[PDB]
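> Below: the sequence, then the experimentally determined structure.
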Amino acid sequence: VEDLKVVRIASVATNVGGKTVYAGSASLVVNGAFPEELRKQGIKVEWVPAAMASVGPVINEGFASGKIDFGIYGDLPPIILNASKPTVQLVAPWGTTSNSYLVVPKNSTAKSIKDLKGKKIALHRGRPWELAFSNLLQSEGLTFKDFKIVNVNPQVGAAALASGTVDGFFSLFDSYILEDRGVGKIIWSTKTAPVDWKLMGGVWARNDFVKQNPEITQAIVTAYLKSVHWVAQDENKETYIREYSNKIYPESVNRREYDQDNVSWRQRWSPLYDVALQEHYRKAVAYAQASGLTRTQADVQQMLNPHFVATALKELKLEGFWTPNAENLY
């Protein structure tokens, strides 16, 4: 019978064939040594699992009402929350969560986005990967104006491309299934893009919680990075793939997401607040407003707090384990 501090931590969760998937980082932290190590510190973690579209009325809302303290999820929601009012801080970046991919029907002429001018492209609007799409367009001097954008989820979009109902499909690693059923081909991917075009996020903390409890916040961040250091070693890549990845999809699909990438296995897990992170966040906040997800732009600086990872890396002797990325002069 101990005197524990209850710390409420949210994650995005999904039940697949009797089990629960958590968005990459969380599964490792929910299923690893993290809860137990915090227990030694006098901290009881309590999980607040959230279905993939309860994120607003459960996570952002729990943050808003102070009923949640930490949240392990993507950068898009907390950006939307923070625009309304500064509420939440990034205290541990989880690295780069996903590449994005351009897929064309198996028998297509198309070799790069240029070839799809005036064509139908299936894209789930208002999703983080829309930023990568926008970037790619910008990179080659194009706009949304130059395409008919079919706004559909990845499943409808996948079915549509397989049919030849669209001429292109922009999505994440679910794209590989289309290659496997022999009905699509990937022709572009963020594996050839700057690091900031990749999806991000991590461990978000309620601003008031941090201000009141720097010590506990630190214990969480230090404990988090311990888990991350463990998974970021190559010998544990296969364990991650088999135990902690996205089980909606076959292991080979999950495995291909990391294949031939310009970011190593270890670097995918980087918690560094490097130039490429800052830039991604600057870019993401601009896109959130332009796509009308928010009226306002969140102050990027007040939303990023590098103090805890800095303390943790010194404490864990991991100051040289990751390397900071610079601005990619594209």
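Perfect, thanks for sending it. Numbers count the residues shown, from 1 in each chain.

> my guess is residue 86 meets residue 300, correct?
No - the pair residue 86 / residue 300 is not scored as a contact, 11.1 Å apart, by Cβ atoms under 8 Å. For every residue, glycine as well, the C-beta is placed using N, CA and C.

> which ones are touching residue 58?
By Cβ atoms under 8 Å, 6 or more residues apart in numbering, residue 58 lies in contact with 10, 48, 50-51.

> Distance of it relative to residue 188?
Plainly put, residue 58 is 35 Å away from residue 188 if you go by Cβ to Cβ, to the nearest Å.

> May I ask you to confirm that residue 12 is in contact with residue 52?
Yes - with contact defined as Cβ under 8 Å, residue 12 reaches residue 52; the gap is 5.7 Å.

> These two: which is more packed in?
Legend: neighbour count by other Cβ atoms under 10 Å for residue 12 and residue 52, higher for residue 12 (24 against 11).

> What are the boundaries of the helices in the stretch 51-200 of the chain?
In the stretch 51-200 of the chain, the helices defined using DSSP state H, counting those that start in this stretch lie at 61-64, 76-84, 129-139, 154-163, 175-180.

> Pull out the buried residues from the fourth one.
Translated: helix 154-163. Neighbour counts over helix 154-163 (16 or more other Cβ atoms under 10 Å) mark 154, 156-162 as buried.

> Over to the shortest one?
Of all the residues in helix 61-64, those buried under the rule 16+ other Cβ under 10 Å are 62-64.

> ok, the closest residue to residue 3 other than its chain neighbours - how many residues close by?
Spatially, and ignoring its direct neighbours in sequence, residue 3 is nearest to residue 42 (7.0 Å; Cβ to Cβ, 6 or more residues apart in numbering). As a burial measure, residue 42 scores 12 neighbours (other Cβ under 10 Å).

> do you know how far residue 42 is from residue 215?
Plainly put, residue 42 is 10 Å away from residue 215 if you go by Cβ to Cβ.

> and if you look at residue 286?
Distance from residue 286 to residue 215, by Cβ to Cβ: 35 Å.

> Comparing those two, which residue is more hemmed in?
Neighbour tally, residue 286 and residue 215, criterion other Cβ under 10 Å: the higher count belongs to residue 286, 14 against 10.

> Does the more buried one lie in a helix or a strand, and which?
For residue 286, the host element (DSSP states H and E) is helix 275-290.

> next SSE after that helix?
Scanning forward in sequence from helix 275-290 by DSSP H and E, the next helix or strand is helix 300-303.

> Please name the spatially closest residue to residue 240 (chain neighbours excluded).
residue 231 (5.3 Å).

> burial count for residue 186?
Residue 186: 19 surrounding residues under other Cβ under 10 Å.

> correct me, but it touches residue 103?
Yes - if you go by Cβ under 8 Å, residue 186 and residue 103 touch, sitting 5.3 Å apart.

> which residues do those two both contact?
Common contacts of residue 186 and residue 103 (Cβ under 8 Å, 6+ apart): 175, 178.

> How many neighbouring residues does residue 328 have?
Using other Cβ under 10 Å, residue 328 is surrounded by 14 other residues.

> circling back to that earlier point, and the contacts of residue 58 as CSV, adding distance to residue 313, secondary structure and neighbour count?
Listed next are these as CSV, based on distance: Cβ to Cβ, whole Å; DSSP: H, G, I helix; E, B strand; the rest coil; neighbours: other Cβ atoms under 10 Å:
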residue, distance to residue 313, secondary structure, neighbour count
10, 25, strand, 26
48, 28, strand, 18
50, 29, strand, 24
51, 34, coil, 11
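
> Go through those residues and name the one nearest residue 273.
residue 10 (21.9 Å; Cβ to Cβ).

> you'd agree the closest one is up against residue 59?
Yes - with contacts defined as Cβ under 8 Å, residue 10 counts as touching residue 59 at a distance of 4.7 Å.

> which other helices and strands contact the helix holding residue 286?
Under the contact definition 3 or more Cβ pairs under 8 Å, 6 or more residues apart in numbering; DSSP states H and E, helix 275-290 sits against helix 76-84, helix 129-139, helix 300-303.

> May I see the ones you listed arranged in JSON lines, with mean neighbour count and distance to residue 90 as well?
Shown next, in JSON lines, are the helices and strands packed on helix 275-290 (neighbours: other Cβ atoms under 10 Å; distance: least, Cβ to Cβ, whole Å):
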{"stretch": "helix 76-84", "mean neighbour count": "21", "distance to residue 90": "7"}
{"stretch": "helix 129-139", "mean neighbour count": "20", "distance to residue 90": "17"}
{"stretch": "helix 300-303", "mean neighbour count": "15", "distance to residue 90": "6"}
